[PDB]
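**Q** A single structure is presented below for examination.
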Amino acid sequence: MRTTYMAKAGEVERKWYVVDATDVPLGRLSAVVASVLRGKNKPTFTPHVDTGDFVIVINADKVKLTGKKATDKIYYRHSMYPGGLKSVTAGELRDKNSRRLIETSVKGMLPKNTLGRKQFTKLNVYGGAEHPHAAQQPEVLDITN
Amino acid sequence: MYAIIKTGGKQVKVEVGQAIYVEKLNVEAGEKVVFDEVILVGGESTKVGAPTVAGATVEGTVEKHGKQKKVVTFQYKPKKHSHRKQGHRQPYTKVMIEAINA
Amino acid sequence: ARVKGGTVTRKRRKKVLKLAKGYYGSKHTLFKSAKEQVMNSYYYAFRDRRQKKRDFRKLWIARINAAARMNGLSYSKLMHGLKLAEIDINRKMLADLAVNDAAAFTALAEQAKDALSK
Amino acid sequence: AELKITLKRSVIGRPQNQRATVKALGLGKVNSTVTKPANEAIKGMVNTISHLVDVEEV
Amino acid sequence: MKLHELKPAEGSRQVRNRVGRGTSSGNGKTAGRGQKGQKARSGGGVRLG
RNA sequence: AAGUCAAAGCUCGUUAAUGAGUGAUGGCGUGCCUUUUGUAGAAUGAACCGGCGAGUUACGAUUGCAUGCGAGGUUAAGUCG
RNA sequence: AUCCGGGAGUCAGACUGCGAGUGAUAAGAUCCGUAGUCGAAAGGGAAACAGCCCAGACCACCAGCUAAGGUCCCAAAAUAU
RNA sequence: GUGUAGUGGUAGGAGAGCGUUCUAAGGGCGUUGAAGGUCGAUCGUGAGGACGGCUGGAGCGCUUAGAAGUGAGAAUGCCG
C-alpha cells in the first residue's frame with residue numbers, strides 16, 4: 001500500500017454532451033463516443049468506478065456508410081430454435097429503427113460485465129434533430145478526432 | 001510544503017511534519033539526515049528543475065529500524081515432485097521529515 | 001522402542017487449516033482439499049506479486065493520457081519532449097501531479113512544449 | 001588497436017560455434033562488456049559473432 | 001572427560017540413510033531406484049557375472 | 001478449478017503493529033496423484049474424518065572416515081568373574 | 001582435458017529449418033544425417049496452444065531501458081510524416 | 001571489510017539440518033496446577049519454536065552422548 005488516487009463513488013461529477021452524426025462513418029463516431037463514455041479523458045480515471053459522462057446523439061439517420069455496406073453489412077440474430085437464423089436486417093436500419101444501429105455498433109465496443117452495462121445506459125440516441133433533454137443543459141462536442 | 005526527492009530507486013512527495021518509510025540508511029535512531037536530490041519545489045511557486053534542482057536540501061531525523069511482515073514464496077511444479085520454501089522480512093527505516101528546502 | 005504417533009500429525013494439519021480461513025465451502029474443513037487450495041493460492045500469490053508492478057504503470061499512463069491530451073500534447077510527445085529537455089520525473093509522480101496540482105502539470109507541459117519546439 | 005565488445009542478444013537457441021565463441025571472450029550476461037586488442041584472430045571471432053554483439057572501435 | 005560432556009572423535013561417526021521418507025530427502029517414491037525393471041522389484045538383480 | 005492482486009463502505013479493537021472481520025466492483029487464472037513423446041483430460045485412483053500400514057537384522061566381501069601399535073598386527077574356543 | 005577409485009539412471013523419444021530413402025517427390029506417415037527447443041523451462045508474442053519467434057525466476061519495492069511484436073475501442077501506446 | 005562472480009531443473013550423486021519414543025549423567029519444574037485439548041493479531045530462510053487466556057487433575061521438561069517398531073494424502077489399502 002501507498003498513496004495513489006482511488007476515486008470514491010459519488011465524488012465524481014458527470015456532465016452532458018451533444019454530438020452530431022451528419023455525414024460521419026459509423027465506426028469513428030462510435031469510437032470517439034465509446035471512449036468518452038467509459039470515463040477516459042478525465043485524469044480521475046479509475047478502472048472500477050463509473051466516472052463516465054452522458055452522451056446524446058442527434059441525426060442518427062444521416063450517418064454515413066462508405067462504399068457498399070449500404071447493402072452488404074448484414075446483421076444477424078438467432079432465436080435458439082432449429083433453423084432460426086434470421087439475418088433480417090442490412091444497412092437498411094438507417095431508414096427504420098435507426099436507433100438500433102448505434103445501439104449495437106457501440107454496445108459492442110464496450111466491456112462485457114456489469115460495469116460495461118451500467119456504463120451503457122448513459123446512452124441516448126435520436127434519429128431526429130432535437131432532443132427532449134433540455135432539462136439538464138447539455139453542451140456540444142466537436143469532431144476532429 | 002511540497003517537494004520531490006530521490007531515494008532508493010523511487011521518488012516521494014514530502015511535507016513538513018509527516019513521516020515517510022524508506023529503505024535502509026546506515027544511520028542510528030535519532031540522528032539528522034540530508035537528502036541531496038530534489039526534482040520539484042511545489043506549494044504556490046513551482047521551481048521546476050533540470051535534473052537535481054541546484055541548491056535544495058531536506059533535513060529530517062530517523063525514529064525506528066524495523067522489518068515488514070513475512071512474504072512467503074513457496075514454489076511447486078505439478079505432476080512432478082518438488083517444493084522450495086522461502087521467507088522474507090524486508091527492513092525499512094521510518095523517517096520523520098522536518099525543514100523542507102532551505 | 002515402539003514410537004507411537006501421538007500428536008505429531010495434528011499440529012501439522014491444523015497449522016494448514018488456519019491458513020485457510022474463509023474458503024467458499026468445504027474447502028476449510030477438509031484436510032485434503034484445504035491443502036490443494038493453499039497450494040494453488042501460493043502459485044497465484046507469487047505470479048500476481050509480479051503483476052502488481054505491471055498495472056500501476058498502465059494506470060499512471062492512462063491518467064497522463066487523459067490529463068496531458070487536454071493541453072494538446074499527445075502522451076508520446078509529452079514524454080519525448082520531457083526526456084529531451086532533460087526532465088526526469090517518475091511516472092507515478094506525474095500521475096499524482098496530473099490528478100492534483102493542475103497548475104504544476106501545466107507548467108511542465110509548457111516547458112515540454114518549448115523543448116521539442118527547437 | 002583496442003576494441004570494446006558488448007553482448008546485445010541471447011545465445012538461447014544458437015549453436016556451439018556462437019556459444020563457444022562468446023564464452024571464450026568473457027561475455028556472460030546481456031550488456032556485459034569486455035575490452036580486447038585487435039589481432040587478426042579477434043577480428044575473426046567478431047566476424048563470426050557479428051549478429052549477436054555490437055562493438056565500438058575505441 | 002566427564003559423563004555429561006561426552007564428545008566423540010570428530011569425523012568418526014556418520015549418521016545414516018533412511019530411504020523413502022518424503023520427496024525432499026531426494027530418495028522418496030522409488031527409493032533411489034528409478035522406474036520399472038527387474039532391478040526394481042523386491043530382491044531383483046541377476047547373479048554375479 | 002471457486003482463488004489471488006486491486007478496492008468503497010459497514011462493524012470492531014490485538015502477543016500494539018505499516019492492526020482484525022466482511023465485501024459492492026475490476027484484473028488474471030482449465031484441481032491432486034500415477035503413468036507417459038505429450039495431461040484439464042473425455043487415460044487412471046480417492047465418498048469424508050480418525051488409527052495402523054513399506055530398504056530391516058545375523059553371517060561374509062569390498063572402499064572412504066577415524067582411532068591403537070607399525071616391519072609387525074592380532075586373538076579364538078575355553079576358565080575364574 | 002587425461003588417470004585411479006566409490007555410486008547411479010538411462011536402452012518406448014517428439015516436432016520444427018535443412019538433404020536423402022520407401023510412399024503417389026501424399027499423411028501430425030515411416031527410417032537415417034545434422035542444429036535447436038520440449039522431455040527436465042516457468043515469463044512475453046502467435047485470440048485460446050509442449051516442440052514456432054523473443055528470452056533462462058535466489059528474494060523484496062505502487063522506480064528506470066529495451067527484444068519479438070504493436071500503436072481507433074475491447075486493451076498501453078501515432079487517428080504520426 | 002571491500003570488490004569479482006554464480007544461484008530453473010525429473011531419474012540420480014553429494015552435504016548440512018527439524019521433529020517423535022526410550023537409556024545415561026548433570027541440572028530443573030509440578031495441587032500456589034504436568035501431560036493432553038481449544039483460542040490468540042508472535043518468532044526463524046525451512047522442517048519448526050515460544051508466550052498468554054479457558055478446560056483439565058498427575059506426572060513432564062532443558063543440556064551432552066547413545067539406540068531406533070522415528071515422520072503418511074492416495075496401494076479399486078484394513079478397522080471404527
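Chain labels follow the order of the C-alpha cells: the first chain is A, the next B, and so on; residue numbering restarts at 1 in every chain, and ligands are counted from 1 in their shown order.
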Please determine the contact residues of chain C with respect to chain A at a cut-off of 6 Å, counting only C-alpha atoms, and supply them as a list in words.

**A**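 Selected residues: residues 63, 66, 67 and 99 of chain C.
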
**Q** Just want the 12 Å neighbourhood of residue 54 of chain F, counted on only C-alpha atoms (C1' of nucleotides), with same-chain residues fewer than 6 positions away dropped. Output as a ChimeraX atom specification.

**A** /E:19-21,28-31,42 /H:72,75

**Q** Mind running chain D against chain H at 12 Å and telling me each contacting residue's nearest atom pair with the distance in Å (one decimal), counting only C-alpha atoms (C1' of nucleotides), chain and number ascending, as JSON lines?

**A**
```
{"residue": "D:26", "atom": "CA", "partner": "H:5", "partner_atom": "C1'", "distance": 11.8}
{"residue": "D:28", "atom": "CA", "partner": "H:5", "partner_atom": "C1'", "distance": 10.3}
{"residue": "D:29", "atom": "CA", "partner": "H:6", "partner_atom": "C1'", "distance": 11.4}
```

**Q** Contacts of segment 14-19 of chain D at 12 Å or less, counting only C-alpha atoms (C1' of nucleotides), minus same-chain residues fewer than 5 places along, as a PyMOL selection string?

**A** (chain D and resi 7+9+24-28+45-53) or (chain G and resi 34-37)

**Q** Pick out the residues sitting within 7 Å of residue 33 of chain D, and hand them over as a PyMOL selection string; count only C-alpha atoms (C1' of nucleotides), and ignore anything fewer than 2 positions along from it in its own chain.

**A** chain D and resi 4-7+27+31+35

**Q** Restricted to C-alpha atoms, what would the selected residues look like written as a compact mmCIF listing (two decimals), in the first residue's frame?

**A**
```
# COMPACT_ATOMS: atom_id res chain seq x y z
CA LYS D 4 35.04 -2.65 -26.95
CA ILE D 5 32.76 -5.70 -27.14
CA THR D 6 29.24 -5.88 -25.69
CA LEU D 7 26.65 -8.64 -25.72
CA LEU D 27 30.52 -12.42 -22.35
CA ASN D 31 25.03 -5.81 -21.76
CA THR D 35 37.81 -4.67 -23.97
```

**Q** My list of candidates is G:68, G:14, G:49, G:61. Which is closest to residue 38 of chain F when distances are computed with only C-alpha atoms (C1' of nucleotides)?

**A**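 For residue 38 of chain F, the nearest of the candidates is G:14.
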